[PDB]
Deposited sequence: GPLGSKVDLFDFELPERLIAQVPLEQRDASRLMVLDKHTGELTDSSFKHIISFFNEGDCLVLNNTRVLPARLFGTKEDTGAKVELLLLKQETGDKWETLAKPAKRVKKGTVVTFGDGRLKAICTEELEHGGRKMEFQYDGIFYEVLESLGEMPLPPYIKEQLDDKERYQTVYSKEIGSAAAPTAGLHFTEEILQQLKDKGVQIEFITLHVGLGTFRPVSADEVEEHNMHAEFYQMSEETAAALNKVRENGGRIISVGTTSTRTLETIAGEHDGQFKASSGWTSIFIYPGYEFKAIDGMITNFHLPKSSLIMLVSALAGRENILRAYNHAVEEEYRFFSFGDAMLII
């Protein structure tokens, strides 16, 4: 194989040195292929002003409502993605097929129902809630409301941990970078959602976030993704708009590999990976298969910790 090398199961960090910024930092020059070393404290010494960091920030926030298809029999699960205007929301629905045109779904005793004001491209569904009083209150209400048997039976119950090399980010460094003049933007990615369409991630970029990144691109700043993964979201987005960012959400399945021309990031921050997984190819497409390779060889040499909790890399 072409993305293989010697990787001592030992050089593979069993657990993390999460104590601090210790975690070394292999720095590779995308173009030149140079390959210096370092530690994650000096990090901030590589970012200029007008640079932005996109953080794959995650939130167990997909709140979900268990309603029942009004008219017909029943059973509809809604995943609340983002509230738009007033009482309209971006949503994912179980038994999606069931939710159509302007279908109506009831929740609980009927306080709060919702109509499907439209089908969405990513298979989601824009819905609109009907209710009295304060919305956020009504929900909270249903919060403590057990699922009626009717549904309850139709189910199996009642009513992880953000990986991403983006953890080496001491609240402090976050501040430093701010202070120095490096912006920080967030993207949102969800995992178990696949079952709402397969096992793809669901991303969401905001109007402001998109806006922000475009400025940076305009003003000639650099964009660096802090995401063993999020780099793909970005890449996906700017991919479908020609290097430009737009608010959006959807399923990400892009598979980056040598040859791919990045149109989103200028550099990224992740870890070292296995002698053939599909991450090395990603990275490899970024700085070239060779450069990365030799760096992988020198990383092993200077006994760098590889993978999940090992040391951090940058471009």
query	finding
Deposited positions lacking CA coordinates	1-7, 167-178, 217-227, 346
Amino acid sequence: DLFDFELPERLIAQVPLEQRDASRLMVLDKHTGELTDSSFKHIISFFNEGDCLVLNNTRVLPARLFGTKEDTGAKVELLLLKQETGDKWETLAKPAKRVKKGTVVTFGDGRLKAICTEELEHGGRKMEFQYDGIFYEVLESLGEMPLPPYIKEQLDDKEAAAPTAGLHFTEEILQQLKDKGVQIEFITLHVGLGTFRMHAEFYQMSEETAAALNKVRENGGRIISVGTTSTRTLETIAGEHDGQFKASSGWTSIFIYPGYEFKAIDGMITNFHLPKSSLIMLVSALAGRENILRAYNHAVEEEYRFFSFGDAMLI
From here on, numbers count along this sequence of modelled residues.
| query | finding |
| --- | --- |
| Residue range whose averaged C-alpha B-factor is higher in the record, 169-177 or 87-95 | 169-177 |
| Stretch with the greater mean C-alpha B-factor as recorded in the entry, comparing 254-262 against 23-31 | 23-31 |
| C-alpha B-factor winner, where the candidates are 42, 64, 246, 69 | 42 |
| Given 187, 237, 193, 160, the residue at which the Cα B factor reaches its maximum | 160 |
| Third of the chain, ranked by Cα B-factor, where residue 131 sits | middle |
| Within-chain third of residue 147 by Cα B-factor, per the entry | middle |
| Ranked against its chain, the third holding the CA B-factor of residue 154 | highest |
| Relative C-alpha B-factor of residue 275, binned into the chain's lowest, middle or highest third | highest |
| Relative C-alpha B-factor of residue 267, binned into the chain's lowest, middle or highest third | lowest |
